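Source file query18.cif; content: mmCIF, C-alpha atoms and all ligand atoms; chains and numbers go by the auth columns.
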```
data_query
loop_
_atom_site.group_PDB
_atom_site.id
_atom_site.type_symbol
_atom_site.label_atom_id
_atom_site.label_comp_id
_atom_site.label_asym_id
_atom_site.label_seq_id
_atom_site.Cartn_x
_atom_site.Cartn_y
_atom_site.Cartn_z
_atom_site.B_iso_or_equiv
_atom_site.auth_seq_id
_atom_site.auth_asym_id
ATOM 1 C CA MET A 1 24.495 -4.264 7.220 0.00 1 A
ATOM 2 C CA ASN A 2 22.663 -6.605 9.570 0.00 2 A
ATOM 3 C CA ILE A 3 19.081 -7.840 10.206 0.00 3 A
ATOM 4 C CA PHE A 4 18.147 -4.785 12.258 0.00 4 A
ATOM 5 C CA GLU A 5 19.254 -2.234 9.631 0.00 5 A
ATOM 6 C CA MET A 6 17.779 -4.390 6.899 0.00 6 A
ATOM 7 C CA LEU A 7 14.325 -4.532 8.510 0.00 7 A
ATOM 8 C CA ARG A 8 14.513 -0.862 9.443 0.00 8 A
ATOM 9 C CA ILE A 9 14.837 -0.115 5.700 0.00 9 A
ATOM 10 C CA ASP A 10 11.955 -2.391 4.692 0.00 10 A
ATOM 11 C CA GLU A 11 9.558 -1.354 7.431 0.00 11 A
ATOM 12 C CA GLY A 12 10.345 2.338 8.113 0.00 12 A
ATOM 13 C CA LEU A 13 9.605 3.835 11.567 0.00 13 A
ATOM 14 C CA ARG A 14 6.399 5.591 12.588 0.00 14 A
ATOM 15 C CA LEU A 15 5.632 6.950 15.968 0.00 15 A
ATOM 16 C CA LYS A 16 1.852 7.174 15.513 0.00 16 A
ATOM 17 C CA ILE A 17 -0.588 4.253 14.794 0.00 17 A
ATOM 18 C CA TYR A 18 -0.789 3.710 11.101 0.00 18 A
ATOM 19 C CA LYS A 19 -2.215 1.201 8.741 0.00 19 A
ATOM 20 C CA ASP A 20 0.092 -1.300 7.069 0.00 20 A
ATOM 21 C CA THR A 21 0.057 -2.361 3.391 0.00 21 A
ATOM 22 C CA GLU A 22 -2.819 -4.825 4.199 0.00 22 A
ATOM 23 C CA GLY A 23 -4.703 -2.147 6.065 0.00 23 A
ATOM 24 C CA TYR A 24 -3.889 -3.282 9.628 0.00 24 A
ATOM 25 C CA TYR A 25 -3.133 -1.162 12.637 0.00 25 A
ATOM 26 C CA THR A 26 0.636 -1.062 13.184 0.00 26 A
ATOM 27 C CA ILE A 27 3.086 1.172 15.043 0.00 27 A
ATOM 28 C CA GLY A 28 6.921 1.650 15.214 0.00 28 A
ATOM 29 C CA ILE A 29 9.044 -0.614 13.012 0.00 29 A
ATOM 30 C CA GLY A 30 6.428 -2.892 11.485 0.00 30 A
ATOM 31 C CA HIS A 31 4.948 -3.912 14.829 0.00 31 A
ATOM 32 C CA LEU A 32 1.507 -5.340 13.964 0.00 32 A
ATOM 33 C CA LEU A 33 -0.987 -4.298 16.625 0.00 33 A
ATOM 34 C CA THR A 34 -4.262 -5.992 15.613 0.00 34 A
ATOM 35 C CA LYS A 35 -6.086 -7.269 12.602 0.00 35 A
ATOM 36 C CA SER A 36 -9.266 -5.718 13.969 0.00 36 A
ATOM 37 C CA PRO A 37 -10.804 -2.718 12.292 0.00 37 A
ATOM 38 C CA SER A 38 -11.194 -0.914 15.490 0.00 38 A
ATOM 39 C CA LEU A 39 -8.828 1.931 16.287 0.00 39 A
ATOM 40 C CA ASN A 40 -9.767 1.399 19.875 0.00 40 A
ATOM 41 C CA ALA A 41 -8.925 -2.238 19.834 0.00 41 A
ATOM 42 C CA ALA A 42 -5.532 -0.980 18.395 0.00 42 A
ATOM 43 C CA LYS A 43 -4.963 1.642 21.121 0.00 43 A
ATOM 44 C CA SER A 44 -5.755 -0.944 23.734 0.00 44 A
ATOM 45 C CA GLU A 45 -3.203 -3.464 22.347 0.00 45 A
ATOM 46 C CA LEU A 46 -0.676 -0.635 22.101 0.00 46 A
ATOM 47 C CA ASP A 47 -1.060 0.365 25.760 0.00 47 A
ATOM 48 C CA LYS A 48 -0.832 -3.290 26.742 0.00 48 A
ATOM 49 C CA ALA A 49 2.347 -3.664 24.643 0.00 49 A
ATOM 50 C CA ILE A 50 4.032 -0.501 26.164 0.00 50 A
ATOM 51 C CA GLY A 51 2.790 -0.684 29.724 0.00 51 A
ATOM 52 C CA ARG A 52 1.449 2.846 29.698 0.00 52 A
ATOM 53 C CA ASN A 53 -1.421 4.973 28.458 0.00 53 A
ATOM 54 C CA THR A 54 -0.141 6.057 25.153 0.00 54 A
ATOM 55 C CA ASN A 55 -3.101 7.620 23.384 0.00 55 A
ATOM 56 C CA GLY A 56 -1.742 6.053 20.104 0.00 56 A
ATOM 57 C CA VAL A 57 1.695 7.666 20.209 0.00 57 A
ATOM 58 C CA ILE A 58 5.108 6.355 21.363 0.00 58 A
ATOM 59 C CA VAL A 59 8.749 7.670 21.557 0.00 59 A
ATOM 60 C CA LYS A 60 11.726 6.240 19.550 0.00 60 A
ATOM 61 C CA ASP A 61 13.079 4.145 22.441 0.00 61 A
ATOM 62 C CA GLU A 62 9.637 2.444 22.786 0.00 62 A
ATOM 63 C CA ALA A 63 9.571 1.680 19.073 0.00 63 A
ATOM 64 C CA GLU A 64 13.081 0.249 19.328 0.00 64 A
ATOM 65 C CA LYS A 65 12.195 -1.830 22.239 0.00 65 A
ATOM 66 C CA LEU A 66 9.257 -3.405 20.398 0.00 66 A
ATOM 67 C CA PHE A 67 11.489 -4.004 17.390 0.00 67 A
ATOM 68 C CA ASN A 68 14.153 -5.741 19.552 0.00 68 A
ATOM 69 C CA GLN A 69 11.452 -8.116 20.911 0.00 69 A
ATOM 70 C CA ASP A 70 10.036 -8.762 17.516 0.00 70 A
ATOM 71 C CA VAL A 71 13.356 -9.740 15.889 0.00 71 A
ATOM 72 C CA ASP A 72 14.114 -11.949 18.852 0.00 72 A
ATOM 73 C CA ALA A 73 10.746 -13.664 18.598 0.00 73 A
ATOM 74 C CA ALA A 74 11.216 -14.074 14.816 0.00 74 A
ATOM 75 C CA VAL A 75 14.537 -15.882 15.327 0.00 75 A
ATOM 76 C CA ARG A 76 13.130 -18.059 18.200 0.00 76 A
ATOM 77 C CA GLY A 77 10.049 -18.934 16.080 0.00 77 A
ATOM 78 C CA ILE A 78 12.378 -20.145 13.288 0.00 78 A
ATOM 79 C CA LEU A 79 14.431 -22.213 15.728 0.00 79 A
ATOM 80 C CA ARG A 80 11.318 -23.826 17.168 0.00 80 A
ATOM 81 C CA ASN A 81 9.832 -24.569 13.854 0.00 81 A
ATOM 82 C CA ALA A 82 10.406 -28.086 12.430 0.00 82 A
ATOM 83 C CA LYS A 83 10.209 -26.862 8.877 0.00 83 A
ATOM 84 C CA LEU A 84 12.177 -23.708 9.242 0.00 84 A
ATOM 85 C CA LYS A 85 15.022 -24.754 11.473 0.00 85 A
ATOM 86 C CA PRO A 86 16.774 -27.039 8.993 0.00 86 A
ATOM 87 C CA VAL A 87 16.587 -24.342 6.348 0.00 87 A
ATOM 88 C CA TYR A 88 18.043 -21.729 8.647 0.00 88 A
ATOM 89 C CA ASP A 89 20.784 -24.133 9.871 0.00 89 A
ATOM 90 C CA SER A 90 21.795 -24.809 6.337 0.00 90 A
ATOM 91 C CA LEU A 91 22.148 -21.159 5.342 0.00 91 A
ATOM 92 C CA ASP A 92 25.053 -18.680 5.410 0.00 92 A
ATOM 93 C CA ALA A 93 24.776 -15.465 7.541 0.00 93 A
ATOM 94 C CA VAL A 94 23.383 -13.133 4.872 0.00 94 A
ATOM 95 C CA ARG A 95 20.730 -15.587 3.662 0.00 95 A
ATOM 96 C CA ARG A 96 19.678 -16.284 7.242 0.00 96 A
ATOM 97 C CA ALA A 97 18.888 -12.535 7.497 0.00 97 A
ATOM 98 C CA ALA A 98 16.673 -12.949 4.401 0.00 98 A
ATOM 99 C CA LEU A 99 14.636 -15.739 6.033 0.00 99 A
ATOM 100 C CA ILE A 100 14.300 -13.811 9.256 0.00 100 A
ATOM 101 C CA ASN A 101 12.916 -10.897 7.248 0.00 101 A
ATOM 102 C CA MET A 102 10.238 -13.029 5.610 0.00 102 A
ATOM 103 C CA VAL A 103 9.276 -14.450 8.997 0.00 103 A
ATOM 104 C CA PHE A 104 9.002 -11.035 10.599 0.00 104 A
ATOM 105 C CA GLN A 105 6.692 -9.852 7.798 0.00 105 A
ATOM 106 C CA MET A 106 4.625 -12.841 7.316 0.00 106 A
ATOM 107 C CA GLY A 107 4.861 -15.012 10.315 0.00 107 A
ATOM 108 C CA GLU A 108 6.255 -18.502 10.792 0.00 108 A
ATOM 109 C CA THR A 109 3.162 -20.108 9.592 0.00 109 A
ATOM 110 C CA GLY A 110 3.109 -18.311 6.314 0.00 110 A
ATOM 111 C CA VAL A 111 6.797 -18.821 5.501 0.00 111 A
ATOM 112 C CA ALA A 112 6.590 -22.402 6.533 0.00 112 A
ATOM 113 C CA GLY A 113 4.009 -22.764 3.816 0.00 113 A
ATOM 114 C CA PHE A 114 6.579 -21.967 1.029 0.00 114 A
ATOM 115 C CA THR A 115 7.376 -25.648 0.893 0.00 115 A
ATOM 116 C CA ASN A 116 8.945 -25.761 -2.536 0.00 116 A
ATOM 117 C CA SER A 117 11.105 -22.651 -2.212 0.00 117 A
ATOM 118 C CA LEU A 118 12.321 -23.844 1.237 0.00 118 A
ATOM 119 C CA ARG A 119 13.495 -27.118 -0.336 0.00 119 A
ATOM 120 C CA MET A 120 15.261 -25.195 -3.065 0.00 120 A
ATOM 121 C CA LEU A 121 16.989 -22.945 -0.549 0.00 121 A
ATOM 122 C CA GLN A 122 18.125 -25.975 1.491 0.00 122 A
ATOM 123 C CA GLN A 123 19.573 -27.491 -1.654 0.00 123 A
ATOM 124 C CA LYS A 124 21.388 -24.249 -2.539 0.00 124 A
ATOM 125 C CA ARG A 125 19.671 -23.891 -5.866 0.00 125 A
ATOM 126 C CA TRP A 126 19.617 -20.054 -5.698 0.00 126 A
ATOM 127 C CA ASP A 127 18.316 -19.103 -9.081 0.00 127 A
ATOM 128 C CA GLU A 128 15.553 -21.641 -8.947 0.00 128 A
ATOM 129 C CA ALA A 129 14.502 -20.654 -5.467 0.00 129 A
ATOM 130 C CA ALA A 130 14.375 -16.956 -6.577 0.00 130 A
ATOM 131 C CA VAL A 131 12.085 -17.850 -9.501 0.00 131 A
ATOM 132 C CA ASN A 132 9.749 -19.960 -7.274 0.00 132 A
ATOM 133 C CA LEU A 133 9.660 -17.340 -4.527 0.00 133 A
ATOM 134 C CA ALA A 134 8.325 -14.780 -7.095 0.00 134 A
ATOM 135 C CA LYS A 135 5.173 -16.832 -7.776 0.00 135 A
ATOM 136 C CA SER A 136 3.442 -15.746 -4.693 0.00 136 A
ATOM 137 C CA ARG A 137 0.838 -13.316 -3.435 0.00 137 A
ATOM 138 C CA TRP A 138 3.709 -11.873 -1.303 0.00 138 A
ATOM 139 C CA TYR A 139 5.667 -10.846 -4.337 0.00 139 A
ATOM 140 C CA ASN A 140 2.600 -9.540 -6.151 0.00 140 A
ATOM 141 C CA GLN A 141 1.477 -7.390 -3.210 0.00 141 A
ATOM 142 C CA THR A 142 4.856 -5.922 -2.068 0.00 142 A
ATOM 143 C CA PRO A 143 7.038 -6.332 -5.117 0.00 143 A
ATOM 144 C CA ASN A 144 9.849 -3.866 -4.191 0.00 144 A
ATOM 145 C CA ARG A 145 10.467 -5.390 -0.794 0.00 145 A
ATOM 146 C CA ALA A 146 10.017 -8.962 -2.123 0.00 146 A
ATOM 147 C CA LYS A 147 12.660 -8.271 -4.884 0.00 147 A
ATOM 148 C CA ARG A 148 15.163 -7.044 -2.306 0.00 148 A
ATOM 149 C CA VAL A 149 14.718 -10.190 -0.146 0.00 149 A
ATOM 150 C CA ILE A 150 14.813 -12.455 -3.148 0.00 150 A
ATOM 151 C CA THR A 151 17.974 -10.837 -4.413 0.00 151 A
ATOM 152 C CA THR A 152 19.506 -11.359 -1.029 0.00 152 A
ATOM 153 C CA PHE A 153 18.673 -15.099 -1.363 0.00 153 A
ATOM 154 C CA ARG A 154 19.950 -15.382 -4.948 0.00 154 A
ATOM 155 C CA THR A 155 23.218 -13.561 -4.274 0.00 155 A
ATOM 156 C CA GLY A 156 24.141 -14.057 -0.669 0.00 156 A
ATOM 157 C CA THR A 157 25.202 -10.379 -0.510 0.00 157 A
ATOM 158 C CA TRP A 158 23.613 -7.137 0.707 0.00 158 A
ATOM 159 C CA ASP A 159 23.603 -5.500 -2.645 0.00 159 A
ATOM 160 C CA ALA A 160 19.799 -4.828 -2.847 0.00 160 A
ATOM 161 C CA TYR A 161 20.229 -2.935 0.279 0.00 161 A
ATOM 162 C CA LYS A 162 23.069 -0.772 -0.751 0.00 162 A
HETATM 163 CL CL CL B . 3.830 -7.273 22.425 0.00 201 B
HETATM 164 CL CL CL B . 6.987 -3.138 -1.819 0.00 202 B
#
```

Kindly transcribe the structure held in the file into structure tokens.
Ligand SMILES: [Cl-]
Ligand SMILES: [Cl-]
Amino acid sequence: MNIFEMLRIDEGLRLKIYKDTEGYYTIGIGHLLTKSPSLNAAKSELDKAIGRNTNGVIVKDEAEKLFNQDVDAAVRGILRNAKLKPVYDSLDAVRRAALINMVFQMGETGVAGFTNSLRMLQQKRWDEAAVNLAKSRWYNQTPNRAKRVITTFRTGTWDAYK
């Protein structure tokens, strides 16, 4: 298992514009298009993102390409972030995948706000971090995915994904 396969399980793949769990226009493998209610604003962003007139639909390769950019940006955002970097540097390979996943879903800003959990992760207090991570809107809104990520943090293994 690796970050790509992990996120592909959590996000799914859709070749036509769809609405995410929050109701926003998304396409491919969790690629957020816009927070705007307009389907046209969404089609516009999509065409801009792909470099062609897509009429709201893309092929697998296009979805994969977006996904490759998005993971890359997630990692780079973590490395550029003063609060996230030290956490990431301190973690083992599996757990790093768990942080990348949160970042991809919720953005650098949002993860960076989990101040207390971040401090627990850095200290390697697994069980406590898992408890603290659960007291969040994140966990209440997408409990199955949150549980998988949290288990990854607690255990340091890919069990929740097998
Ligand atoms: Cl883009
Ligand atoms: Cl869920």

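For the set A:91, A:78, A:103, A:131, the residue with the smallest atom-to-atom gap to residue 147 (chain A) is A:131, counting only C-alpha atoms.
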
Between chain A and ligand CL 201 (chain B), at 12 Å or less, what are the per-residue closest atom pairs and their distances in Å? Count only C-alpha atoms and all ligand atoms, order by chain and rising residue number, and return it as CSV.
```
residue,atom,partner,partner_atom,distance
A:26,CA,B:CL201,CL,11.6
A:27,CA,B:CL201,CL,11.2
A:28,CA,B:CL201,CL,11.9
A:31,CA,B:CL201,CL,8.4
A:32,CA,B:CL201,CL,9.0
A:33,CA,B:CL201,CL,8.1
A:34,CA,B:CL201,CL,10.7
A:42,CA,B:CL201,CL,12.0
A:44,CA,B:CL201,CL,11.6
A:45,CA,B:CL201,CL,8.0
A:46,CA,B:CL201,CL,8.0
A:47,CA,B:CL201,CL,9.7
A:48,CA,B:CL201,CL,7.5
A:49,CA,B:CL201,CL,4.5
A:50,CA,B:CL201,CL,7.7
A:51,CA,B:CL201,CL,9.9
A:62,CA,B:CL201,CL,11.3
A:63,CA,B:CL201,CL,11.2
A:65,CA,B:CL201,CL,10.0
A:66,CA,B:CL201,CL,7.0
A:67,CA,B:CL201,CL,9.7
A:68,CA,B:CL201,CL,10.8
A:69,CA,B:CL201,CL,7.8
A:70,CA,B:CL201,CL,8.1
A:71,CA,B:CL201,CL,11.8
A:72,CA,B:CL201,CL,11.8
A:73,CA,B:CL201,CL,10.2
```

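Residues matching the PyMOL selection byres (((not hetatm)) within 10 of (chain B and resi 202)) in this structure come to residues 10, 11, 21, 138, 139, 140, 141, 142, 143, 144, 145, 146, 147 and 148 of chain A.
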
Reference answer for the PyMOL selection byres (((chain A and resi 118-126) around 7) and not hetatm), as JSON, numbers by chain: {"A": [87, 90, 114, 115, 116, 117, 127, 128, 129, 130, 153, 154]}

Nearest-residue call for residue 100 (chain A), choices A:6, A:41, A:74, A:112, using all atoms listed in the file: A:74

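Taking CA of residue 133 (chain A) and CA of residue 101 (chain A) as endpoints, the distance between them is 13.8 Å.
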
CA of residue 134 (chain A) to CA of residue 14 (chain A), distance in Å rounded to a single decimal: 28.4 Å

Residue contacts of residue 12 (chain A) (9 Å, only C-alpha atoms) excluding same-chain residues fewer than 5 positions away, as an MDAnalysis selection string: chainID A and resid 7 28:30

Explicit residues for the PyMOL selection byres (((chain A and resi 162) around 12) and not hetatm) (as a PyMOL selection string): chain A and resi 1-2+5-6+9+148+151-152+157-161

Please produce a file of those selected residues containing C-alpha atoms, as a PDB file, in the coordinates of the input.
```
ATOM      1  CA  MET A   1      24.495  -4.264   7.220  1.00  0.00           C
ATOM      2  CA  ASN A   2      22.663  -6.605   9.570  1.00  0.00           C
ATOM      3  CA  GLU A   5      19.254  -2.234   9.631  1.00  0.00           C
ATOM      4  CA  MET A   6      17.779  -4.390   6.899  1.00  0.00           C
ATOM      5  CA  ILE A   9      14.837  -0.115   5.700  1.00  0.00           C
ATOM      6  CA  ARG A 148      15.163  -7.044  -2.306  1.00  0.00           C
ATOM      7  CA  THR A 151      17.974 -10.837  -4.413  1.00  0.00           C
ATOM      8  CA  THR A 152      19.506 -11.359  -1.029  1.00  0.00           C
ATOM      9  CA  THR A 157      25.202 -10.379  -0.510  1.00  0.00           C
ATOM     10  CA  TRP A 158      23.613  -7.137   0.707  1.00  0.00           C
ATOM     11  CA  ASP A 159      23.603  -5.500  -2.645  1.00  0.00           C
ATOM     12  CA  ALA A 160      19.799  -4.828  -2.847  1.00  0.00           C
ATOM     13  CA  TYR A 161      20.229  -2.935   0.279  1.00  0.00           C
TER      14      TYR A 161
END
```

Test item: residues at most 7 Å from residue 15 (chain A), only C-alpha atoms, excluding those fewer than 2 positions along its chain, as a ChimeraX atom specification: /A:13,17,27-28,57-59
